[PDB]
């Protein structure tokens, strides 16, 4: 043993613990407990380059137990990856680079946003898929361009969440040996001892999932064993490795091993006492000794030396294989393939009707041919979701350089893995399930929006239009949910041109996740639909004529917009009205537009103008743009689509009656 390692570990414990104390808010116990793991990971195990936190061959790190953020920030400070001491002292303060739970959009060296338990460890499964795939796709005998590992720390909370139960099952099924998960086995959660609620035999469970399991019995002091088990885990490339590290929460302090150690239970005096216990100066606050600084300066230098060897190898590879090097650079710069928009199909009303889910499958297969970086799949609904890619193969154990993932019945794990694939870099991932079952996964979908992860969510069977599977499958509240979530696009295309526009919208908004809502049965290709105009959220398909007849606006989207065209025929020829038709594929994209544009389309500054909307979902929000509408403020039915639409008034005849009734009443009041 060299005392410098123990000195580093103990100064990391106390600096980390000081951040919540300064903020009077946050968690000290796990940062103290996990300091040995962190010292080992950053000083000996992980390969990174402090001057380029986006190095394409870095080992990615994820703190799944995100409440331990003070530990991560201490490590990013010590390894000079972009945090100053003043940043550390700004822990949990407005606008700081050190929020109470790590956010990848705020802080360099933070790969994903954690805090909601189970997400980070599931994200890491997706990064391990990426690491295996790219090694298989690009490495040669002499050039190991991608040879990196995914390291994560988690606690008991992540081990209980279903999202990580799902992701861990897939990780074992796929044999992702590049994943190393260190579990802080400290017998503590917020309510108290884990014995209150959590007594699984974790080792036996993870062996049943096809993980390799290793153990460190004294994770507070045996940092050489932590290093040894990590190094041995890396040698087993056919199984993800779980390392169960036994620690004491708040080790060495007054609150050690009690559930109060979870949070902020060490004041100034308690930290002085802990510093004395650990052999440090109790009078120096926010202090790193010269010897520890010198140690981490040397760590940084050794990391850079390893980076320079890779860089020289990459330059040699790039001379020998220029077109492959060009592809790698393009993918990791998030640049899109040359002439990619030529892959988006175009249609006219003379083409045969098609379901928008099927039209989406045509687009997916078209762009798959020119996007080497496209990756994803369905949660056991590949045919119904139309996500299958012709002539591609499944990612499977010992065959990672493929594009299609069989997620199985794991919506939440799916989306978190999809998040991890995007966050790794170099990928444009997509996922699929029925729209109604994305709420199984909203924990991870909300994080895509907060994290700016550019993921594509194919969501078919978007309404009661799906028919006999019934109310447990028919969304009512989901469109409203998505429209109420910041930085998320929900697009509900009406026909083939608009499906192409929905994919165009996704790739034109590269910091925002997209959900494309798609219908089950065929709908007609409509007059004047335009892919580029989907980007504006709403646009006019047929404007007012030049007559002096009373004016009406009909608006719709998805599988009901064609009903507005049918209603227009009746209103025009049977009731002598002047009807505008507006397509409303995306509320979120529309809200981005200047108000002058929004009023030019919806004319919602006119109180007496009939402004109609139809949508098979909750009417929450409709009063913003509309003053007469048909929605669904109830659960659905197990019945054929036509019977549901008849019962709920999704017919041209009912649109007509609603508009006429609004107008007759308006005229009488006028």
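Residue numbers count along the first chain shown, from 1.
Higher-B stretch (mean Cα B-factor, as the entry records it), 304-312 or 372-380: Per the deposited B-factors, the answer is 304-312.
Stretch exceeding the other in mean C-alpha B-factor - 332-340, 178-186: Mean B over CA atoms: larger for 332-340.
Candidate residues 527, 546, 484, 418, the one whose C-alpha B factor the record puts highest: Most elevated C-alpha B-factor of the set, per the entry: 546.
Criterion, highest CA B-factor; candidates, 120, 233, 531, 513: Answer for 120, 233, 531, 513: 233, with the highest C-alpha B-factor.
CA B-factor placement of residue 265, once the chain's modelled residues are sorted into thirds: Answer is highest: the recorded C-alpha B-factor places it there.
Among modelled residues of the same chain, the CA temperature factor third for residue 462: It falls in the bottom third of the chain.
CA B-factor ranking of residue 408, expressed as a third of its chain: Lowest third, going by the recorded CA B-factors of the chain.
Chain third (lowest, middle, highest) by recorded CA B-factor, residue given as residue 82: According to the entry, residue 82 has a C-alpha B-factor in the chain's highest third.
Record-listed C-alpha B factor of residue 389: chain third: According to the entry, residue 389 has a C-alpha B-factor in the chain's highest third.
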